[PDB]
Amino acid sequence: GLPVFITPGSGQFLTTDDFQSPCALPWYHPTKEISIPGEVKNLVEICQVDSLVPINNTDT
Amino acid sequence: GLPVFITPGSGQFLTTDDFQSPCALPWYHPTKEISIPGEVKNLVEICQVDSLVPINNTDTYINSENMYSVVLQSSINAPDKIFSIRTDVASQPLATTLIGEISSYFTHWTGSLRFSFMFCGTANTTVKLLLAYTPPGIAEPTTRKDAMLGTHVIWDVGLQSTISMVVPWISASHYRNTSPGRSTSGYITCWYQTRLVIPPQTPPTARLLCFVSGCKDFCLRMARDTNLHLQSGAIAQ
Amino acid sequence: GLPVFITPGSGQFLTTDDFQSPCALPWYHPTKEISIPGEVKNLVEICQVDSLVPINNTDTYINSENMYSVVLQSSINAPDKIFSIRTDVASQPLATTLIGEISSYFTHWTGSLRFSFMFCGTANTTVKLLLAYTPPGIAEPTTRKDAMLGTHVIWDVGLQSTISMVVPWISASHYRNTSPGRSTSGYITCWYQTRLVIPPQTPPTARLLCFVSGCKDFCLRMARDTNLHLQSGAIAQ
Amino acid sequence: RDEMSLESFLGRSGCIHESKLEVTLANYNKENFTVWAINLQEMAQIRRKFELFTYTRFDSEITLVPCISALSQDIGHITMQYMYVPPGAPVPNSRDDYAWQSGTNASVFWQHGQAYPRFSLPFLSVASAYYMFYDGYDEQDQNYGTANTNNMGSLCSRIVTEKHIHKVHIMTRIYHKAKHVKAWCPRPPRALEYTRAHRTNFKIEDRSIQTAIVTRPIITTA
Amino acid sequence: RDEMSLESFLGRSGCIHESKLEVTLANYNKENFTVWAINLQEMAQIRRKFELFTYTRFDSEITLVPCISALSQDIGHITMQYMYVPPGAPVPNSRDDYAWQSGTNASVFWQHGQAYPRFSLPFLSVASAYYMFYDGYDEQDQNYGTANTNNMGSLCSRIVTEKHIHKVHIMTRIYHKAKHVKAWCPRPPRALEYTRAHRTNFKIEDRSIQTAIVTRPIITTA
Amino acid sequence: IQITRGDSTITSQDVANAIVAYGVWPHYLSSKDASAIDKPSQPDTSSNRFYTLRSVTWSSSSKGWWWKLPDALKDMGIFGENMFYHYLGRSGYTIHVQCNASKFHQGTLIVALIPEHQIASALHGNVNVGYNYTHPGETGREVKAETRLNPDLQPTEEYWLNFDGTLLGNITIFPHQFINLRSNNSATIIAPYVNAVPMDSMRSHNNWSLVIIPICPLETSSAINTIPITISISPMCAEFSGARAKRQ
C-alpha cells in the first residue's frame, strides 16, 4: 500500500535548500515587467566594467 | 525504496492553504442547482451597479434626504462654487458608495469611474453646468476663470441622460496605495455657469442627481480588513 | 528529491474515513459465496415491503390484536368519523412501521407512499368508503361536507384489491427536516359514507386492513441516531 | 482578472468562536464541556462578508487549534475527543450517552506529536442555498433569526481522563475557510455595529445616532 | 441513489467496549490486564443495526484510542503492547506464556509521537456468513447465545515495564468500522431494551409492559 | 396602445423601458426543476391580468412607502382564496406604479425591489418584528412618525436607514429604476421569482417587497399639491399544488 517510513537525513533543519512548497497568497497578480537596462543574469557583466586602480594609496 | 524524509517548510501551521484532503461525510447527496439570477463569479458586477453619491454629507444634512441631492438656487447673487470632492474611492464621500467599501477590502486598486448627473426638478428648467477635472500635482484652484481649462464639458439640461466623458486612471505604475490620499489623486469639480431659468410662478428650489459607477478595466490583487467598522463590546455566543 | 512535508489537516484523528491500509492476515482464504436470497445493495427493498399500520394505538387496544385493525359498526347512528392520521413517516403511528424506523436513522427524507385497505370481515358485506387527502396549509377540517373536496376516491367492497391513488410528495425543495411535524405535512382521512349492509342473521362486527408501502422514488442523504430506544442501565461486558 | 472573485473574498482562515475549556478542581461527574452551537454571523470582521449577500452556496473547512499550558506536575500529556454531530439530530450533555459512543457521528482524535487538526466538511443546508437572512417565519409564529432550515450541527469537546486530572487551560480556537464558493444577489453593507446574533439593531443601549460616515464641514474645501 | 446503502448504514466509527486499565500500587506478578472477549451485540445504538438482519458478511476495522493522564512524577512515557489472538486458539493470562512471545499471533505497538493506532482485519467467521442469531443448539445441548462457530478472537492489553511503575489511567477505547458490506434477509426492529449479551428479554427486573410505542387518546384529533 | 395577453387591460402603457435584471425572463416553470408531477388541477390561463389598487395620499414632505408581495394582494381577485388553501407556491410580478404628471410641477422618485427586512423592534431583550406590521395588506404602512400599538414590537420608520440595515442610495444594488418627469411619466420593472426554495408559504413568509423612496419631494407653490399614485400589479406564473375545501 502506502509507503510510510521516515527517511534518514530528510525532515530536518538545512541551510541551503530548494522547496516546491505552496505559496501563502497566490491569488495576487504581480506588476507586469517593463524594459529596464542593466539586467544581469551572470556575474561577468560586473567584472566587464573597467575599474580604476588606486596605485598611490599611501598615507600622504 | 520509499522516500522517508520530512521536508522543511511542510507539515506545519499555515493561514491560507489548498488541501485535497478526504471529506468527513461524502455519502450525502447535495440538493440540485436551480436557475437563480444575481450569480457572480467576478467582482466586476458589483462595481458595475450605479451607486448614489452623498455629495452634501454635512452635519446639517446628515439626517435628511437632501444629503444625496445637490442644493441649487435660481438667484444670481451667490458665488458659482458648488462642491469640491476627491477622485479616490477610499475617501469621503466616495468611501460610503458601493465601490468604495469594496475597495476597503483591498490593498491595491486601479480603474476608471463613470459620471452622470441628471436634473431632479421640474421639466421647464434649463441650466448649463460645467464639469471639470483637475490634476493632483498642485493645490486645487477654485475660481470662475478656471472653468474652461483642462478637460471641460458643459452640459445643458435637455431630454437625454448625461453622457460621461474621460475620467482616466493617471499613474506611472498599475497599482497605487489604498491609503486615504487628500492630495495624491485628482479632484472632481462642478461650477455654476448659468442660473436656473424659470418662467413666472415656478418653484425656485430644485435639486440634482449624483451617480457613480465602475468602468470596464478593474484589477485588484491582495485583500485586507475594513477601517470603518470596529467591534470590541458585547458579542453573542 | 523526496517531498518531505507534513500536510495540514492530514495525519490526525478522523471519524468517517477510507483507508487502503494493508491487512493483518491476508494469507487466509475466505469461504466461497453461495446463492442466498434477500440480498440487498440498496435500502429501497426494505421500504418496498408492505408494513401494517397500527391505526388504533389507544391505551385500550394497546395489548390486543385490534390495534392494527379498524373498528367498524353496521348501525347508522354514530358520527361518520373514523380516523385522522399524519403523512409523515417519523410520526405516530407511521413511526412504528418498517419504513418509519428506518427513516429515524436519517436526517433528510423524500418519497411517496402506497395506500391499500381491504375488507377483513365476511364475503356478504359491501360498504362504500371515501379516501381523502388534505393540504397542510390550514388546520384539518373534519366534517361530512368535506368528503368530495380535493383528491377524493370512493372505494366499494367488491372482489379486487384496493388500487392506490395519488399521494405525492409536496415540497418546494427535494429535502425536508425529519423532525416530528404535526402541522408540517398533510393528513390521511377516511369517512363513513354507507353503513355495513348485511342480510338477516349476520355478525355486525367487522374490521379492515391497514397497509402502507414505499414507492419507486426515494432519496435519503445523511444518517443519524434513533429517538425511540435509549440505554443507560445495566450493560453486558 | 482571476483573483478578483468571491473565492478569494471569503477564502481566508478566520477565527469564529473562542472555545475555552477550564478543568475544575473537583467534580462529581464528567460535566466539563463548552456549550456552543453552529453560527456564521458572529464577529464583525466575518459577518459583514455574509451581510453582502442574500443566499450563499459553499462547503465549509474547519481548523482546530488547541493550546496546551502546564501548571502543576507537568500536566499536558493527554488526548482529547472532538466529535461532530449531524444537523437535526438531538445532542446529549454527558460522558457517554447515545451520541458519544455511536457509529453515526463524525469523530476525530488529536494528540501532541502529530500535525495540527484539519479536516473538510460536506454540504450542510437542507435546501439548495445556505440561509443568511430568513424573511418572515417558518412553521412557527414568533421565532426570528435562527431557523430549523438553517442547521449545520454542533461542536463539543469532551474530557477522557477519569481520576488523573488537574487544572489546565485548553484554548481550542476554531478557524473557518471556504470551499466551492458560488453565491448570488449582492447586498449593500451594514452601517452600524452588531450586538446580538442574526440581528442588526439601531435602538439599543440608548446610544446616539452616530454612523460610521465621516462628516465634512463645508464640502467645498475638503 | 448511491448513498442509500448498507455500506453507509453500518459504515460508521462507533465505540463498542470501554476498556479501562488501572495500575495497582504493588503487585506480586504482572497481572494487570482487562478481561474482554469478542462481541458485536453490545450497545443499543450498534446492536439494533445487527438486529435488523439474520446473516451478515463484512470485514471489520478496529481503531484503538488510548488515553494518557499524568498523576505523579510525570508518568506517561511508556510503550504498551496490543496483541490479537486468532479465533479458536487458547489464550493464557500471564506476562510471557506461549501466546505473548509467539510468531503466530498478530502484534502491534504504539508510543506517543506517531499517529493514532489504526489497522484492518480479514474474514473472521468459519462459515460463509457471520452469525447474528444462532437458532437452536450446535453440538452441545444447553448453551444459547454464544456459539463456537461465531468466533472472532480476543483482545488484551499488557504492561511492559517491570519496576518503574506508578498509578496511571489508560483508557483504551475501541472503535469499530465496516468494510465490504454485503448482507441479506432483513428483519423487523427490536421493541424493548437489552439487558444481557445475545439476549432480548421481556420478563426481567419486574418492569411494567411499557413499549417505545407512543400512545394517542382518541386517534381522531392527533 | 396596450399589452395583449388577457381580456382585461390597462391604459397608459407607453414604451416598456427598464434596465435588464441580470438577463432573466419571467420563466414559466416546467417539469425539469420540480418533482414527478405535483399538478393536481390547473388554474386559470387568463389569470395573468392587471389589478388596480386604491390610490394612496401624497404628503407634502414625503418620507416613503413599502408594500410586501404577495402580501399586498390577499383578498384581491379570484386567486386570493386559492393560494391560501393551496399549500405552497411561487409567483412573478409585473409592476406598473405611477402618478399623473404635467410640465409644470416637480417631483422625482426612485423604485427599488429588495425581499429582505431586519429592523430594530425592542430594547436589549430578544428583538422581533411585529406580525401585523409584516402583513398590512392593500393600505401598506403609512409611514408617519407616530406611536402605534403603544410601546411594543415596533420596527423603526426610517427611510435613509433602509429598514433592513443598509445605506441609502446604495440600496440600488437590486433591480432599480429612476423615474423623473420629462423623460418618464410611467414606471415599469421586470420582476421574476427569486428564492432559495422553489415553493414557500404566503401567510408567514414574504417572497418580495416593493421599495418606494423619493429623492426629490413634491414641492410646488400652486393651487393644489396632491397627486395620488395608481398601483397596477400583474401576477406572473401562478402555479399552485394543493387541493382543499373552499369554505372553512
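Ideal geometry is used to build each Cβ from the backbone, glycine not excepted, and the neighbour counts take in all protein chains shown. No value in this document is a laboratory result; all are computed from the given coordinates.
Miscellaneous remarks
- Residue match in segment E:55-73 (condition: away from chain D (no Cβ under 14 Å), within 29 Å of E:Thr200 (Cα to Cα), assigned to a loop (DSSP other than H, G, I, E, B) and touching a residue at least 60 places away in the same chain (Cβ under 8 Å)): no
- Looking only at residues of segment A:19-30 that are touching a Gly at 6+ places or on another chain (Cβ under 9 Å) and not small (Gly, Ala, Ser), we find that the one that is farthest from D:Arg12 (Cα to Cα) is A:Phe19.
- Residues (more than 7 Å from every other protein chain (Cβ to nearest Cβ) and in a strand (DSSP E or B)) located in segment D:95-116: D:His112
- Exclusive hit being in contact (Cβ under 8 Å) with a residue 60 or more places away in the chain and among the β-branched types (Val, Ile, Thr), set B:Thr184, B:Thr151, B:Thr162: B:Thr184
- Verdict on B:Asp225 being of a type in the set (D, E, K, R), over 27 Å from B:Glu65 (Cα atoms) and either surrounded by 15 or more Cβ atoms within 10 Å (Cβ to Cβ) or facing another protein chain (nearest Cβ under 8 Å) (or both): yes
- Hits in segment B:135-193 (condition: surrounded by 11 or more Cβ atoms within 10 Å (Cβ to Cβ), of a type in the set (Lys, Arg) and more than 14 Å from chain A (Cβ to nearest Cβ)): B:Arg144, B:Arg182
- Some residue of segment B:80-98 being within 14 Å of chain C (Cβ to nearest Cβ) and surrounded by 18 or more Cβ atoms within 10 Å (Cβ to Cβ): no
- Filter result (at the interface with another protein chain (Cβ under 8 Å from one of its Cβ atoms) and either surrounded by 20 or more Cβ atoms within 10 Å (Cβ to Cβ) or part of a strand (DSSP E or B) (or both)) within segment F:117-128: F:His117, F:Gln118, F:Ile119, F:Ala120, F:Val127
- Every residue from segment C:207-217 that is within 12 Å of chain E (Cβ to nearest Cβ) and surrounded by 20 or more Cβ atoms within 10 Å (Cβ to Cβ): C:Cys210, C:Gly214
- Enumeration of residues in segment B:105-148 that are touching a residue at least 60 places away in the same chain (Cβ under 8 Å) and over 30 Å from F:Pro217 (Cα atoms): B:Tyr105, B:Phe106, B:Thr107, B:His108, B:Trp109, B:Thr110, B:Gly111, B:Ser112, B:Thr142, B:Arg144
- For segment F:167-179, residues that are more than 7 Å from chain B (Cβ to nearest Cβ) and either in a loop (DSSP other than H, G, I, E, B) or on the phi > 0 side of the Ramachandran plot (or both) total 2.
- Residue in segment F:225-235 that is among the hydroxyl-bearing types (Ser, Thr, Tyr), closer than 30 Å to B:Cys120 by Cβ, surrounded by fewer than 18 Cβ atoms within 10 Å (Cβ to Cβ) and more than 16 Å from the chain's Cα centre (by Cα) present: yes
- Hits in segment E:70-92 - residues which are surrounded by 12 or more Cβ atoms within 10 Å (Cβ to Cβ) and within 24 Å of the chain's Cα centre (by Cα): E:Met80, E:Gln81, E:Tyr82, E:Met83, E:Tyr84, E:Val85, E:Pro86, E:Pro87, E:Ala89, E:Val91, E:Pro92
- Top-ranked residue in segment D:35-50 [being touching a residue at least 60 places away in the same chain (Cβ under 8 Å), within 10 Å of another protein chain (Cβ to nearest Cβ) and surrounded by 16 or more Cβ atoms within 10 Å (Cβ to Cβ); ranked as farthest from the chain's Cα centre (by Cα)]: D:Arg48
- Cross-chain or 6+ apart pairs with Cβ under 8 Å, segment F:113-135 first and closer than 19 Å to F:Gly169 by Cβ, then assigned to a helix (DSSP H, G or I): F:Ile114/F:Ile171; F:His117/F:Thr134
- The sole residue among D:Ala26, D:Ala44 that is touching a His at 6+ places or on another chain (Cβ under 9 Å) and aliphatic (A, V, I, L, M) is D:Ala44.
- Any hit, segment B:213-235, residues being touching a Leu at 6+ places or on another chain (Cβ under 8 Å) and farther than 23 Å from B:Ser104 by Cα: no
- Every residue from segment A:3-40 that is within 7 Å of chain B (Cβ to nearest Cβ) and of a type in the set (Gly, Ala, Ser): A:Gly9, A:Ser10, A:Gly11, A:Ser21, A:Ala24
- Qualifying residue in segment B:29-43 (condition: part of a strand (DSSP E or B), within 23 Å of the chain's Cα centre (by Cα), within 14 Å of chain A (Cβ to nearest Cβ) and farther than 30 Å from A:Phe5 by Cα): yes
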